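In the structure tokens that follow, a single protein chain appears in two forms: structure 1, then structure 2.
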Structure 1
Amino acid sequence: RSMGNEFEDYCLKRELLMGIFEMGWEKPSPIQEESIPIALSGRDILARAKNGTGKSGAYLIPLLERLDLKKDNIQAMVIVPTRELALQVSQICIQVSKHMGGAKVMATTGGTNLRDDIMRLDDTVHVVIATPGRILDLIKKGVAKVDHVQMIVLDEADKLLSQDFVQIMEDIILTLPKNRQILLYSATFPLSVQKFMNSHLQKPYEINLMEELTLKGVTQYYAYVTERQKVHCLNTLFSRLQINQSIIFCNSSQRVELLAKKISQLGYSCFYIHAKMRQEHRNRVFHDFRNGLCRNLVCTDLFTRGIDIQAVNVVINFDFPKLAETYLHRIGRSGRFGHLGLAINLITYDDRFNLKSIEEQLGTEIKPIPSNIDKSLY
């Protein structure tokens, strides 16, 4: 129930509004505009929302608003399935709450050291952001005392309630006070999530808060090029466009490598990511890229986080995909970081039927590359 189109209308603490302002969040997004006042009333929430940190704002804001900083007790918990997501969510939570004067936020996962987290919990922590196994362990050892937890967030509940974690999640909930507010966010709602809902959520407010992927806003081109001329065509593009950061998609892990090697030697600034890499390394590359240590990332369709990189304004399909859905995942955006400016498809003659099929299935338009870029291939 929207209280209005401005953060100021929600009667949040001034210190919290300042944190929101400094994030660059000028106006509440639609997911925030609905999620926030319901959460502030105390209702349980069951929300459909896409994977990742885009929606962290929607729950961190009422979470921080509800903290009593004069109490030295854990008061709120965010459960996430991976260590990476816990680091991201905690970083955001720390930045959002930096003006509140004393809000203690802590991330604890299999990635962080157990002994060290124990030591840390000797001091005041108000908000814990954790992976399920770790937080259940701390609760069971009496290190995380949770008898004052009045709010718990389950972020990506479908993954939290899969066979790997569903019993651990059950164990956690049962240690919390019975009246605790539960806010659940998930991309899908399989049987496991429905079961948890009926057992634990008290007459939840249910909202579909998913921003679908649109091609609106993105100018899409295609250029017919033989396999022999693709790199040369690529060189033209990087001599004619204004590229802040770009993502270059190839169709296999092998081709990503070979391409990255070739263009690295041509003076390009790039890193590459693909499937045959340990996740820790993938995470390291993504962090570096998001931090601007290189200008272009070469990758397969396994990299889904390009969405979380604001500076990416150009995507290149070095290899054209076979499926409309694959194309939409590569080029589509939700609009929260806005839309990409530009998508460019390098297509061989044999890609034409797919180009046409995909354009039509997506109800979009992919124009030929303009003349003054097409020249200079020659």
Structure 2
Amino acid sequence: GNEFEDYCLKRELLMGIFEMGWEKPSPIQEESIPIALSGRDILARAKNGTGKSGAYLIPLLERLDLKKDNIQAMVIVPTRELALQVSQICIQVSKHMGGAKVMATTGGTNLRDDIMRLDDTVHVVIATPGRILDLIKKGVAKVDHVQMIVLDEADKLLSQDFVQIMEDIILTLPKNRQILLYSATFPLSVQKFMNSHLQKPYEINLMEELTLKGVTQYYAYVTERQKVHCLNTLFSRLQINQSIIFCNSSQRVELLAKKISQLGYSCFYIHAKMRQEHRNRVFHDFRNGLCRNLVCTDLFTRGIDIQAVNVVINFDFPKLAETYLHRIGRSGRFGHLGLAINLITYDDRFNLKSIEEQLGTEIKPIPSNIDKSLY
């Protein structure tokens, strides 16, 4: 089996642990511990039942260099209720660590006494956003030495109430700070934060969930009459194995399918106004590479789990972001450098940017010369 000692931790820490009753690591600990000690950022799905407290404290305490009096680690939580819960544990785990100062400051603890307390050495901070940001901006909390930060129940930390706070706090930190994210759900805000800040994050319990991981995204300013020409060029310039095209209606799907089959290109097509046994047959055939290009509406409900698809095109641009994500994204099981292109009209601009921001990613205009290595 697998044991704590295998991770190579400090004696004082292992004892501190053992004294808690933690004889063997839980799966989440087994997942996150050895990854965190390697420096890799973490994006993890886990229930609000902590649980995950021990998962990110152990590696956090281990990274500490106690010969340094600066703050080196932080842990952000939504409620004051949880700050105590985590802090108490962190203390009880680090009891044999010599001079490990843990500070737990929320909007429920007296501000003044905490302003005071911070004039002394503190390594680990455990705070709610509103308070910690307050402490940082005043200058009391010296954070230019942090090497690790933890978002516990980030779904709540990234809500509209706390999102900007949380955003500002990172700006104060080093550009290379290790971030460990733990959340119960995985809405789009978490996706913003992921794509905005985290760097090559090891994913825990995120199979069967969509991300733009590996995907290069572009956008062209083109009108309805001009679209087909742009597409024609794209078929003529891009190095495509298999592609997929999306349109906003079965009508246009057909109309387009006939239009591109006229220019000397080969394609199949499917839509909602078909029969199940039919679409399954066409898709099955397209899966076996009996054609290069597929035309379709939003059908699958799944991620596009086809390896050979190296280009996705939004002939018609969507309104909702989740839709875009469903078309573009992959399920974490399939990570290939696929390409994504968005033919965009005037009616679509405010949706190009609103989506760009909503997923917290960057959609750059098309270069005449697209790096083949990119896909």
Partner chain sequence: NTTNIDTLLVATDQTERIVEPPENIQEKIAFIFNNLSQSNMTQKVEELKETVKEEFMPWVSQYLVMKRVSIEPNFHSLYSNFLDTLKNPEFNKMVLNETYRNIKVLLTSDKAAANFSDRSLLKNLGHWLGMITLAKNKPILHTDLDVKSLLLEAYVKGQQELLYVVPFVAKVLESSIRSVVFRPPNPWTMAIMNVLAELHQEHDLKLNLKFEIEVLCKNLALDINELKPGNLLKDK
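Residues that one form lacks are left out of the comparison. Numbers given to residues start at 1 and step along the sequence of structure 1. Note that the rigid core is defined as the largest set of C-alphas that superpose within 1.5 Å between two forms.
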Structure corresponding to the form deposited with its partner chain bound: 1
Superposing on the rigid core, does the Cα of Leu40 end up 2 Å or more away between the two structures? no
Yes/no, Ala187 Cα shift of 2 Å or more between the two structures with rigid core fixed: no
What angle, to the whole degree, separates the smaller rigid part's two positions between the two structures once the larger part is lined up on its C-alpha atoms? 172
Superpose on the rigid core and then read off how far the CA of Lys104 has moved between the two structures, in Å. 0.4
Core-superposed C-alpha displacement of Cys233 between the two structures, in angstrom, equals 76.5
With the rigid core held as the fitting reference, name the runs of three or more adjacent residues whose C-alpha atoms all move by 2 angstroms or more between the two structures. 209-378
